[PDB]
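Take a look at the structure below.
Each value in this text was obtained by applying a stated rule to the coordinates, not by laboratory testing. In this analysis, Cβ positions are derived from the backbone assuming ideal geometry, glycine residues included, and neighbour counts consider all displayed protein chains.
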Amino acid sequence: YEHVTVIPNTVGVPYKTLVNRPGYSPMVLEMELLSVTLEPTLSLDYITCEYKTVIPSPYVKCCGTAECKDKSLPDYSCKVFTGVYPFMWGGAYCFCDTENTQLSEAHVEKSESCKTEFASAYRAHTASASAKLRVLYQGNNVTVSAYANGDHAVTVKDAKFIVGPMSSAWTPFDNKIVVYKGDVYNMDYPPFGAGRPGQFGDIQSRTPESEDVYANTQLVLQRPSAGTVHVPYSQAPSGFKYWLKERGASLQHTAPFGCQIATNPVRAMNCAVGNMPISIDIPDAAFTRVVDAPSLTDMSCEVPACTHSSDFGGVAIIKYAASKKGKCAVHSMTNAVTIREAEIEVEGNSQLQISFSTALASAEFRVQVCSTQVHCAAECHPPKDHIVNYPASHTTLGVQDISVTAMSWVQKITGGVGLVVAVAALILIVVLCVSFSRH
Amino acid sequence: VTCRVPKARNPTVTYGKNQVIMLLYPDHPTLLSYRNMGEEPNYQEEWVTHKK
Ligand SMILES: *[C@@H]1O[C@H](CO[C@@H]2O[C@@H](C)[C@@H](O)[C@@H](O)[C@@H]2O)[C@@H](O[C@@H]2O[C@H](CO)[C@@H](O[C@@H]3O[C@H](CO)[C@@H](O)[C@H](O)[C@@H]3O)[C@H](O)[C@H]2NC(C)=O)[C@H](O)[C@H]1NC(C)=O
């Protein structure tokens with residue numbers, strides 16, 4: 001028997017679905033999502049890291065003029081400074097006083113730290129969905145890890161569960177993703193080869209192992225101070241270091257729908273978005289004929305207390321006459337009321353207790369137990385607590401979902417005005433009919 | 001390698017209508033942040049350097 005149901009894409013909240021196969025005792029399955037993971041396909045564009053500026057010992061040509069060659073190094077500059085008269089600890093470097101030239105050169109390359117400290121610029125595409133689902137099947141708790149792309153059936157005590165596809169394609173990740181360590185950012189990083197000095201992407205490399213480095217650091221060689229051999233320069237400080245200080249909050253803290261973010265692999269977890277269809281294939285061997293199952297008659301529902309709190313603050317007591325001892329499925333016939341128990345044990349002439357949660361001011365609902373329905377009704381009171389640490393176990397209310405007395409007052413007022421209009425309309429019609437009758 | 005970091009003291013929490021009131025007791029500057037769990041997270045954050 002194939003059963004298709006849909007549950008809200010929430011985590012930590014159980015949902016109950018009724019499997020109704022006429023001629024057989026009904027089954028109620030309680031399904032709870034424990035984890036939902038969206039894992040985006042990533043394509044690395046480039047990585048960034050702190051650069052080091054390499055400055056080879058300066059060449060001082062005494063009593064002559066030095067010249068430099070162009071090089072292909074990532075960000076290379078060379079300059080020859082004339083009129084240099086450098087000193088060493090033991091005295092002037094060389095014989096000539098003014099006829100001296102110094103050749104300064106430098107290039108930018110990835111530091112050794114880039115193997116550990118780097119950010120990866122990824123292109124994000126579609127995401128593969130997977131989920132961990134808790135299923136209460138015939139009184140037993142089975143946890144199944146399965147893909148949620150609608151293409152994976154996982155067996156629960158010989159029943160097959162197919163999860164997904166998810167109804168929402170929404171992801172917390174934008175097309176451009178930058179990953180540092182455990183932190184993922186939605187940053188619109190520059191194209192490779194289009195970096196800017198002092199900004200993220202000032203130094204870029206396609207892969208961690210690549211020798212191919214793009215750099216734009218504005219490295220400018222300056223003239224050395226008199227009497228010295230040092231090589232001064234003006235360069236924009238690593239944009240990686242600046243970025244690390246200016247990162248701001250990561251998606252783990254800023255994402256919509258309460259999404260949790262993790263890396264290695266990049267994952268969006270437990271996003272409260274849309275809903276998730278589940279298809280369940282239950283073998284005939286799992287069904288018990290109604291003639292073998294317990295059957296209840298002479299049922300009556302009374303609700304001694306009701307609070308419309310997020311938790312199961314409502315309690316209902318239902319009288320029953322059971323034909324035989326055994327377990328019996330319990331189902332709510334209305335979306336407005338959630339029942340905590342999936343099944344109860346019943347025998348003889350007695351009463352059963354069930355707990356429920358509703359947002360209704362007036363709880364009017366039916367309960368089906370072993371294919372026998374009862375009608376429950378109660379006046380529910382508000383909670384005194386303002387805040388809780390858990391999500392509601394009940395659905396939200398529609399505009400039509402109002403208290404019994406509120407409906408009565410609306411009918412009295414609406415009827416009162418409608419009556420006045422109906423009377424005025426009647427008088428006008430009668431007068432017009434008289435006016436038409438007269439010539 | 002893995003570094004050890006402190007955990008700020010539990011806040012004193014009281015409740016009002018659609019409101020959570022926290023009294024914070026930092027030893028050192030501590031980042032506080034919060035988000036809505038719906039469509040518009042309205043993320044906000046501040047550093048707390050004293051009881052607030
Ligand atoms: C099927 O599983 C549900 C949910 O519990 C899940 O399975 C458990 C074995 C654990 O691994 C859980 O971490 C996991 O979520 C069971 O319902 C849960 O039962 C436990 C008791 O076993 C309830 O905890 C109690 O809660 C009260 C009130 O706070 C405390 O006073 C108690 O000290 C104790 O902590 C838990 O609240 C309840 N959860 C729900 C949603 O009802 C269920 O009983 C189990 N069924 C079977 C046949 O195993």
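Dipole check for the range A:106-157: with +1 at the C-beta of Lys and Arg, -1 at the C-beta of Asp and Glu, and the Cα centre as origin, the magnitude is about 320 Debye. Taken over the C-alpha atoms, the protein assembly as shown has Rg and Dmax values of 36.7, 137 angstrom. Of A:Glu109, A:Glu302, the sequence from fewest to most neighbouring Cβ atoms within 10 angstrom is A:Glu302, A:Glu109.
Taken as Cα centroids, the range A:216-258 and the range A:47-86 sit 21 Å apart, rounded to the nearest whole angstrom.
Ignoring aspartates and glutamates fewer than eight residues from A:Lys324 along the same chain, the ones with Cα atoms less than 15 angstrom from its Cα are A:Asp292, A:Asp298, A:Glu345, A:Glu347. Between A:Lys79 and A:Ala392, the modelled label-to-label distance comes to 7.0 nm, taking each label 7 Å out from Cα in the direction of the beta carbon. For the range A:1-85, relative contact order (Cα pairs under 8 Å, six or more residues apart, normalised by length) works out to 17 percent. Straight-line cross-link partners of B:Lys52 among the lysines, defined as a Cα under 27 Å from its Cα and at least 8 positions apart when in the same chain: A:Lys245, A:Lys384, B:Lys7, B:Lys17. When chain A is described by a simple charge dipole with +1 on each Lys and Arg Cβ and -1 on each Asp and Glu Cβ, the residue from A:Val144, A:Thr334, A:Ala378 located farthest towards its positive end is A:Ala378. Over the protein assembly as shown, DSSP H runs of length four or greater, each weighted -39,500 (n - 2.57), average out per residue to a 222 nm ellipticity of -3000 deg cm²/dmol.
What you get for chain A, charging only the Cβ of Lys and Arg (+1) and of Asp and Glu (-1), is a dipole of about 620 debye around the Cα centre. Were the residues from A:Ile317 through A:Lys52 laid out at 0.36 nm apart, the gain over their Cα-Cα distance would be 87.8 nm. With both labels modelled 7 Å from their Cα along Cα-to-Cβ, the A:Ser210 to A:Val434 distance reads 9.6 nm.
Overall, the anisotropy analysis places the range A:342-439 in the prolate class: the square-rooted eigenvalues a ≥ b ≥ c of its C-alpha gyration tensor yield a/c not less than 1.5, with a/b exceeding b/c. Think of the protein assembly as shown as having a plus end and a minus end, set by charges on the Cβ of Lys, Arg, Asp and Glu; of B:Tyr15, A:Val430, A:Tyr51, A:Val430 sits farthest toward the positive end of this dipole.
Relative contact order for the range A:103-187: 27 percent, from Cα pairs under 8 Å spaced at least 6 residues apart, divided by residue count. At full extension, A:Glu345 and A:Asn275 could sit 22.0 nm farther apart than now, given 0.36 nm per residue minus the alpha carbon distance.
Listed by Cβ neighbour count within 10 Å, with the fewest neighbours leading, A:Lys16, A:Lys160 appear as A:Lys160, A:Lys16. Karplus-derived 3J(HN,Hα) values for the range A:272-283, using 6.51 cos²θ - 1.76 cosθ + 1.60 with θ = phi - 60°, are 7, 10, x, 8, 9, x, 10, 10, 10, 10, 10, x Hz; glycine and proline are entered as x. Legend: mean number of C-beta atoms from other chains within 10 angstrom of residue C-beta atoms, peptide B:33-40, equals 4.
What the Kirkwood sum gives for the range A:87-236 is a hydrodynamic radius of 21.6 Å, with every pair of different alpha carbons counted.
Charge dipole of the range A:231-320 (Cα centre as origin; +1 on each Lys and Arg Cβ, -1 on each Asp and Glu Cβ, all else neutral): 800 debye, rounded to the nearest 20.
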